[PDB]
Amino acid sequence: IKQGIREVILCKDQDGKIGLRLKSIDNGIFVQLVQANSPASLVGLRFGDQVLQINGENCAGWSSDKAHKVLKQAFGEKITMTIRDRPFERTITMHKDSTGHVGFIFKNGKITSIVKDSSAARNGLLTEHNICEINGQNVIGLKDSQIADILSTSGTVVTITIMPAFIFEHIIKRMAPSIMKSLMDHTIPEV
């Protein structure tokens, strides 16, 4: 979560796709989903990102349907976006015990309990929060077992990006879980 407003240059793929769905929240526009192997994924758009501008047009107060339209109407040699990095999210760092726990319970992405004397307790992890990312990798739409697998398989250090469930549930609505599971980019970023 960066306290900054970066700029990205997109470029439509061969099919006129950039691999993005946007959702209106509280009179801004925010990334609802990012397709793997897309211009959006390569330029490093993330779920949760705020789109402040598109081609120097402010997005204040747009509907979703309009932001999608805007993206169609555009000469895709170069589309230029202004992005505030995941405004609604925060990142916690944790360390595992000898027994390879960080110390919480979660369900459907949502942390539901913190365990006394855990690193999760020491670090102030909160319940009623949807897990968005682990060590920089989006996990949204995965199943809990797979998130466990990423956590079980992560180093001694774990890093989680969380979002308040109320806000999370309001972003993902109007989107069917299988799309989230199949299409939402869940890859380590390329370099």
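In case it trips you up, residue 1 is the first one in the sequence shown, and so on.
Colleague: Report the stretch with the higher mean CA temperature factor, choosing between 117-125 and 70-78 on the basis of the entry.
Modeller: Going by the record's values, the stretch with the higher mean is 70-78.
Colleague: So, looking at the entry's B-factor column for Cα atoms, which has the higher mean, 151-159 or 40-48?
Modeller: Averaging CA B-factors over each stretch, the winner is 151-159.
Colleague: Lowest, middle or highest third: where is residue 87 by C-alpha B factor in its chain?
Modeller: Lowest third of the chain for residue 87's C-alpha B-factor.
Colleague: Based on the deposited C-alpha B factors for this chain, I'd like to know if residue 98 is in the lowest, middle or highest third.
Modeller: Highest third, going by the recorded CA B-factors of the chain.
Colleague: Against its chain's modelled residues, does residue 181's Cα B factor rank lowest, middle or highest third?
Modeller: Tercile = highest for this residue's CA B-factor.
Colleague: If you rank the chain by CA B-factor, which third does residue 175 end up in: lowest, middle or highest?
Modeller: Highest third - that is where residue 175 ends up once the chain's C-alpha B-factors are sorted.
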